[PDB]
Protein chains: 2
Amino acid sequence: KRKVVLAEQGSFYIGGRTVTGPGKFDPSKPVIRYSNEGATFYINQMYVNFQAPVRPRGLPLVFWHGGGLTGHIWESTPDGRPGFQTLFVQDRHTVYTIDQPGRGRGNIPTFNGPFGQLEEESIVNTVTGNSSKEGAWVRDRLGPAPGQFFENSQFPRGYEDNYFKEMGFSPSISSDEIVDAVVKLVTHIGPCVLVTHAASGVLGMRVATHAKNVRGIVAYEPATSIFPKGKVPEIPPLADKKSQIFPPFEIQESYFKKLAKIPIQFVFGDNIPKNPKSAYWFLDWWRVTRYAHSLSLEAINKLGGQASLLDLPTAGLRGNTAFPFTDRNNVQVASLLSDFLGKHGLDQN
Amino acid sequence: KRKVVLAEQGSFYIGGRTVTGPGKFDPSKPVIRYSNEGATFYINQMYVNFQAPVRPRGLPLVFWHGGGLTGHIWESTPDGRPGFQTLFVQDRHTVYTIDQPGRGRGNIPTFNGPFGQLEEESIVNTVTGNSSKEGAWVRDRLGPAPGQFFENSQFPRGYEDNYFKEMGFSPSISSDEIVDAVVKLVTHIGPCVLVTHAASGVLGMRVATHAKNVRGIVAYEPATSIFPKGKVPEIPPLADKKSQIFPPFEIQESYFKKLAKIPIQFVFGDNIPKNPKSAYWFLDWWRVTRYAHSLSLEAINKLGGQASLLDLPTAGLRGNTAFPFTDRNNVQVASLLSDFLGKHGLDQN
Ligand SMILES: COC(=O)c1ccccc1S(=O)(=O)NC(=O)Nc1nc(C)nc(OC)n1
Ligand SMILES: COC(=O)c1ccccc1S(=O)(=O)NC(=O)Nc1nc(C)nc(OC)n1
Ligand SMILES: COC(=O)c1ccccc1S(=O)(=O)NC(=O)Nc1nc(C)nc(OC)n1
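Quick notes on the rules
Residues numbered from 1 in each chain as written, not as in the entry; some residues may be left out. Chains lettered and ligands numbered in written order. Heavy atoms only, no water. Residues with missing side-chain atoms left out of burial classes, pairs and counts. Buried < 20%, exposed > 50% of the residue type's maximum accessible area, 1.4 Å probe, protein only. Helix = DSSP H or I, 4+ residues; strand = E, 2+ residues; numbered from the N terminus. Near = heavy atom within 4 Å. Polar contact = N/O pair within 3.5 Å; in protein donor to acceptor, adjacent residues only side chain to side chain. Areas by Shrake-Rupley, 256 points an atom, 1.4 Å probe, with all protein chains shown as cover. Nonpolar A, V, L, I, M, F, W, Y, C, P; charged D, E, K, R; others polar. Contact = heavy atoms within 4.5 Å. Buried area = accessible area lost by both parts, 1.4 Å probe. Salt bridge = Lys/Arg side-chain N within 4 Å of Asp/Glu carboxyl O.

Brief notes about helix α6 (residues 199-210) of chain A
In step 1: Counting buried positions over the 12 residues of α6 of chain A gives 10, a clear majority of the element.
In step 2: Taken together, the buried positions of α6 of chain A are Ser200, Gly201, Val202, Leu203, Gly204, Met205, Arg206, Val207, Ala208 and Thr209 of chain A.

The structure is reproduced here in structure tokens:
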């Protein structure tokens, strides 16, 4: 289960831009100084790792971590079992894993001065936000409240510290610049499949509308829905009658229609309530978010698309959290991803 | 050359602590708030990646990136050639690569509020520092000034964008907590060899004094020298008559003496001047820093140690920058590391 034969592996940086400070650089003066003087900074670049099997079959897969995460989530589970990177190299696909701009090995754009500030220019905000352990517990549906598990949970219990340690903040890089980096990667790779998660769901949909090389999308528990501009359907508030899900992203119809040209599957785990749940905000949020996604997929299919929603319990998999690819049954989740790739000819040369 | 066979690979988090905000978490209230209310945060943890060959021989190697870097520098060179991770798995060692706390996939400790601030506590400073491309160019001895290359340079010229994109800022995490994370890793792995670089040089020396499982150290271009407390020798200022090298780190003699029990090699590349160089601050800084290291190694050897300084040009390798393990001749640099491991039996079971 653990062995991997790689024809090659490596990593590289792609995308980003530069910004410059005032003045000029003098090599005779002391170089280590609290100064942006004469300085060029590379910002907003992305880190990319690849592992290629011997005799690859089908298209390369690009695994794109969710919000506050890194490519670690595709390498191993919190309890140390193989992640989708190993499983899909064994399945004879070349596997790319990224750390998007602002996360992990991607660039965090800060300089000499208050965080994110280059002289009088704010590149990213000095004030950050970040989830807590308690917030992530309920966001990821480990259970209804921090420290409590659903009876059926597939989470690797006992490895809570390892799991939460993988999460962190993201600086306020524009989503446009994150999408731009991945479009550039897709141009470099050629035809490929995006496998996204949570926050990267909407971003991968956007990439596909800018990059014909994206030949398929599988999105685990996408966090933000997408619709044609001016065609957002009625979406109810949450059960508290005060809160809303994330405002759906709206794109020009000419771009939205490109989503009808490739197979797209959204995958949801377990324990999303069918009925309003005012006592558990994030459970209710997932109910309405999943509903919004069902309408988004319906809109793609009304344009001639092939967009599907897979609820893992309907496939016989019970208890999955919002990270099904690191849960205890992740091999069975991977099997369902292999099935999708195979049906759509994405595992053939 | 590119093929690699792994018995297993993976990644995990280790080390760190938790800090908490005020109050209690309520799962019925909107979870996504600009608030540290009832929040627990994991901070200062380290990311660790491992790749194990089939039938390893000798001790595992722990590659520890320099300042502002990540484990990427051991994965691949800027022009995409195999890094030391691949080369040493091929050489039958299990290889660990880390992103230390504050860098890459390691934790950046920030919350809801100004960067680094958890309510009234400053976990790390809101004001950051960061090198520029121009500063790094001269720091790493690509040439005497930005845009210029030393004759016979082994830098992968043409891949400057890739190279500089791998560098970034570090938040003000205490060095004690960075050392602590690696001590914990060394306890987890067992007997091992540390391979350090620039800023991580002094940190690896510190780890060895706290961790008997460190059985050898190879340090590329270490940035800060280390001496027994009260026993720092006279070190001259730089040629500009005003600047100094980094204040040497001082440790109690009982800990310093632990450095005499293991083989230690410091490795330097090319173009460090033998004579004062007022016009090029960082070249002169390297001259005096290397001198200080020569005295540190002598101090270890006078306590019965096995410490040595390897100047790559004396071994027949010309043109190396301060990242010799990513230069064009990195295979030959790796061969010298294999030689060190073999001399001391660190490549035998
Ligand atoms: C991996 O999960 C997602 O991708 C994900 C999944 C669902 C919603 C949102 C995200 S997120 O990551 O973009 N953003 C996020 O979680 N932010 C956040 N911020 C605060 C301040 N508190 C909390 O509490 C949960 N969350
Ligand atoms: C990888 O190199 C080292 O490890 C390394 C090598 C030699 C010295 C220092 C470092 S460092 O990385 O700890 N710190 C550093 O470089 N800081 C810095 N800060 C500013 C503000 N400007 C510049 O200009 C160079 N440098
Ligand atoms: C690393 O060295 C330098 O950086 C370096 C150092 C000094 C001069 C030039 C270079 S160079 O690399 O930019 N370019 C170079 O050498 N060009 C060159 N072109 C021809 C056509 N013939 C010869 O030499 C006969 N040289």
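Here we look at the site of ligand 3
Residue and element names in this part refer to chain B.
In step 1: In the vicinity of ligand 3, the contacting residues are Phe149, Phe150, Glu151 and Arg157.
In step 2: At 3.4 Å, a backbone N or O of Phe149 approaches an oxygen atom of ligand 3.
In step 3: Contact distances for ligand 3 include 2.9 Å between an oxygen atom and a side-chain N or O atom of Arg157.
In step 4: Considering ligand 3 on its own, with 560 Å² of exposed area, one finds that the protein chains cover 27% of that surface.
In step 5: Here the residues of the shell around ligand 3 are counted per class, giving 2 nonpolar, no polar and 2 charged.

Notes on the site of ligand 1
In step 1: Of all residues adjacent to ligand 1, which total 20 residues, the nearest are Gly67, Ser131, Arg139, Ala198 and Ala199 of chain A.
In step 2: Near ligand 1, the surrounding residues belong to chains A and B.
In step 3: In the environment of ligand 1, an oxygen atom lies 3.1 Å from a nitrogen or oxygen atom belonging to the side chain of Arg139 of chain A.
In step 4: One of the backbone nitrogen or oxygen atoms of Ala199 of chain A is found 3.2 Å away from an oxygen atom of ligand 1.
In step 5: For ligand 1, whose free accessible area comes to 560 Å², the fraction covered by protein is 86%.
In step 6: Of all elements in the fold, only α3 (133-139) and α8 (281-301) of chain A reach the threshold of two or more residues within the shell around ligand 1.
In step 7: By residue class, the composition of the shell around ligand 1 is 12 nonpolar, 6 polar and 2 charged.

A closer look at the interface of chain B and chain A
In step 1: Counting from both sides, the interface comprises 79 residues of chain B and, opposite them, 77 residues of chain A.
In step 2: For the pair chain B and chain A, the two sides together bury roughly 6200 Å², of which 55% comes from carbon and sulfur.
In step 3: Area buried by chain B at its contact with chain A is led by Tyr42, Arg105 and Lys165 of chain B, which between them contribute 13% of it.
In step 4: In this structure, the connection of chain B to chain A is made through 4 salt bridges.
In step 5: For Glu75 of chain A, the salt bridge is made with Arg105 of chain B, and the minimal N-O distance between the two is 2.9 Å.
In step 6: Our enumeration of links across chain B and chain A arrives at 49 residue pairs in polar contact.

A closer look at the pattern of salt bridges
Residue and element names in this part refer to chain A.
In step 1: Applying the stated criterion to the full structure yields 25 salt bridges over all chains.
In step 2: For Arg33, the salt bridge goes to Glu37, with nearest N and O atoms at 3.8 Å.
In step 3: With relative accessibility at 37%, the residue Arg33 sits in the partly exposed group.
In step 4: Looking at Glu37, the relative accessible area reads 42%, which means it is partly exposed.
In step 5: In this structure, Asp79 and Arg81 form a salt bridge, with 2.8 Å as the shortest nitrogen-oxygen distance.

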